[PDB]
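Q: My complex, part one, positions kept as in the full thing:
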Amino acid sequence: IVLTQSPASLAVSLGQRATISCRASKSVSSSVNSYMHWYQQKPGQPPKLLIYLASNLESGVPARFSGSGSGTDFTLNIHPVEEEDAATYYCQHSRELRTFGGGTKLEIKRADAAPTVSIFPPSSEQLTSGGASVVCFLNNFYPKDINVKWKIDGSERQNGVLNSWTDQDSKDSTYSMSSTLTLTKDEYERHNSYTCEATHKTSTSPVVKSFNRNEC
């Protein structure tokens, strides 16, 4: 069997309706039950069963979660969505070959928020080992889309840049990003201006944090 979950991603305003669809290649309805499960999964956790047999709430699951459908076509509805509902959702055929759908990442929308940007020079202990990383945190921003560029004395560098983004926060609905420029000690010490530049919706021009190595 093939289970096709759509959309793969959606954003919904706090207190509004989230509608997630799951279509099976064949009917999963017996003469009594429709064998469709819906799960919620948060980062670092096993999946949580929300809906069993298409339309039933597992014990303790809030009323805002609702499932419907029969045969090949199923729908998970969440209304009104809460901040904590920021998660990935899965449908699954709950018998036979127990096929999972591909998942749907739900974003809870919030007001725009500019990133709080902080830059950090290499630590004295990293330098002792002959390496040099410059770190930039871009924290608690919204929306998710963000672009970061590193410049060394005005010359953009991409090699040796490592980027990581958090999942949407479950409580304040923001995103955060970390960008680490790794260089050798010798290159670090050959240049002065080190600049983290961020392009985000909240600003028409790059958000810039900088330090000069010989001012340290």
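A: Received, thanks. Numbers count the residues shown, from 1 in each chain, chains lettered A, B, ... in the order given.
Q: which residues of chain A fall in helices?
A: Remark: helices assigned in chain A by DSSP state H are A:124-128, A:185-188.
Q: Adding mean neighbour count, write these out as TSV.
A: Using the backbone N, CA and C atoms, a C-beta is placed for each residue, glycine as well. Rendered in TSV, the data for the helices of chain A read as follows (neighbours: other CB atoms under 10 Å):
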stretch	mean neighbour count
helix A:124-128	11
helix A:185-188	14
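Q: what's the closest of those to residue A:108?
A: Shortest distance between residue A:108 and those, using CB to CB, is found for helix A:124-128: 37.8 Å.
Q: got the contact list for the closest one?
A: The list of residues contacting helix A:124-128 from outside it, by CB atoms under 8 Å, 6 or more residues apart in numbering, reads A:132, A:133, A:185, A:188.
Q: repeat that for 7 Å
A: Outside of helix A:124-128, the residues that reach it under the criterion CB atoms under 7 Å, 6 or more residues apart in numbering are A:132, A:133, A:185.
Q: before we move on, back to that, make a markdown table out of the helices of chain A and add distance to residue A:75.
A: As requested, these are arranged in a markdown table below (distance: least, CB to CB, whole Å):
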| stretch | distance to residue A:75 |
| --- | --- |
| helix A:124-128 | 52 |
| helix A:185-188 | 55 |
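Q: Let me know which of these is the nearest to residue A:166.
A: Closest among the helices of chain A, once you apply CB to CB, is helix A:124-128, at 23.6 Å.
Q: Put the alpha carbons of that closest one into CSV.
A: The C-alpha coordinates for helix A:124-128 follow below in CSV (Å, rounded to 0.1, in the frame of the first residue of the first chain):
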residue,chain,number,x,y,z
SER,A,124,42.1,31.4,23.4
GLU,A,125,42.0,27.6,24.0
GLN,A,126,41.0,26.9,20.4
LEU,A,127,43.9,29.1,19.2
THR,A,128,46.4,27.2,21.3
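Q: Tell me who's in contact with the residue nearest to the spatial centre of chain A.
A: Note on chain A: the residue nearest the mean C-alpha position is residue A:167, at 3.1 Å, using CA atoms, centre = their mean. Going by CB under 7 Å, 6+ apart, residue A:167 touches residue A:43.
Q: can you add chain B next? sequence is:
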Amino acid sequence: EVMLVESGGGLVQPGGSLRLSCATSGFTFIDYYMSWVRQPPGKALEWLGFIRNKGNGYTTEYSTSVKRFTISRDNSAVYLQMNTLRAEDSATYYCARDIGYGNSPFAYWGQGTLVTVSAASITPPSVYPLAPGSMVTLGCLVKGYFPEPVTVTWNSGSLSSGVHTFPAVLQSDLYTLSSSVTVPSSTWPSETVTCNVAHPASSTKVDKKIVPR
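A: The block that follows adds chain B to the chains above:
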């Protein structure tokens, strides 16, 4: 009440073999099917197979993708024997209580056990303090370790609010992660802020103080 605990996950070489276990309590083990499900990092869940209950002759069934793996049980632990491990097998592995006599299957899941299939060797992290060159952001850079995971707290958990710990990213077979904490200007540098890093795979525990330049 009901409990499921996965164990046996670790770093394993390609072509290698591993057996994972799942420890159960709080219900009549013998009456339940038991399933194994995996999840590659950032990917969808994948059902792997189950072992049937007494009433159905303790027989097993597997997904097309692993029909290579073997499931068994001690009548109260359930096992997953994995052979000829490869890259695609790297995942968190879960056991879940499947069907009994009416209770929902996949309501109860363990915390999972992380399997990493790689030739790269276990390596401890280097931990670097990130100090600035009304509210102040400090951080730690955790660099050069393998495999996952590492955990980071600030002031032994005392600083819980305003923490961001970033997903690890692999580069040339070594992981890097970072964590930031934002504290009132009244706490630092007046008093001390420490990141506490642990890497159980290398038996490393490092506490790095963030001292002003």
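Q: The contacts of helix A:124-128 again please, chain B included this time.
A: Residues from elsewhere that reach helix A:124-128 (CB atoms under 7 Å, 6 or more residues apart in numbering or on different chains): A:132, A:133, A:185, B:128.
Q: Give the full set of residues in contact with the last one.
A: Just to be clear, that refers to residue B:128. Residue B:128 sits next to A:123, A:125, A:126, B:140, B:141, B:143 when contact means CB under 7 Å, 6+ apart.
Q: and the gap between residue B:179 and residue B:202?
A: Here residue B:179 is placed at a distance of 18 Å from residue B:202 (CB to CB, to the nearest Å).
Q: correction: residue A:146
A: Summarising the geometry, the distance separating residue A:146 from residue B:202, computed by CB to CB, is 33 Å.
Q: more neighbours, the two?
A: The neighbour count for residue A:146 versus residue B:202, taken as other CB atoms under 10 Å in any protein chain shown, is higher for residue A:146 (21 against 16).
Q: Skip the chain neighbours and tell me the closest residue to the more buried one.
A: Here the nearest residue to residue A:146 in space, its sequence neighbours aside, is residue A:200; by CB to CB, 6 or more residues apart in numbering or on different chains that works out to 5.1 Å.
Q: With residue B:45 instead?
A: With CB to CB, 6+ apart as the measure, residue A:100 is the residue that lies nearest to residue B:45, at 4.7 Å, once sequence neighbours are left out.
Q: Name whatever forms a beta bridge with that neighbour.
A: Note on residue A:100: beta-bridge partners residue A:92, judged by DSSP bridges.
Q: What is the burial count for it?
A: For residue A:100, using other CB under 10 Å, the count is 20.
Q: so what's it up against?
A: Listed by CB under 7 Å, 6+ apart, the contact partners of residue A:100 are A:3, A:90, A:92, B:44, B:45, B:46, B:47.
Q: wouldn't residue B:127 be in contact with residue B:205 here?
A: No. With contact defined as CB atoms under 7 Å, residue B:127 does not reach residue B:205; the gap is 10.2 Å.
Q: quick one, which of these two is more surrounded?
A: In this view residue B:127 and residue B:205 are compared by other CB under 10 Å, and residue B:127 has more residues nearby, 24 against 11.
Q: got the end-to-end distance for stretch A:22-33?
A: Across stretch A:22-33, the terminal residues are separated by 16 Å (CA to CA, to the nearest Å).
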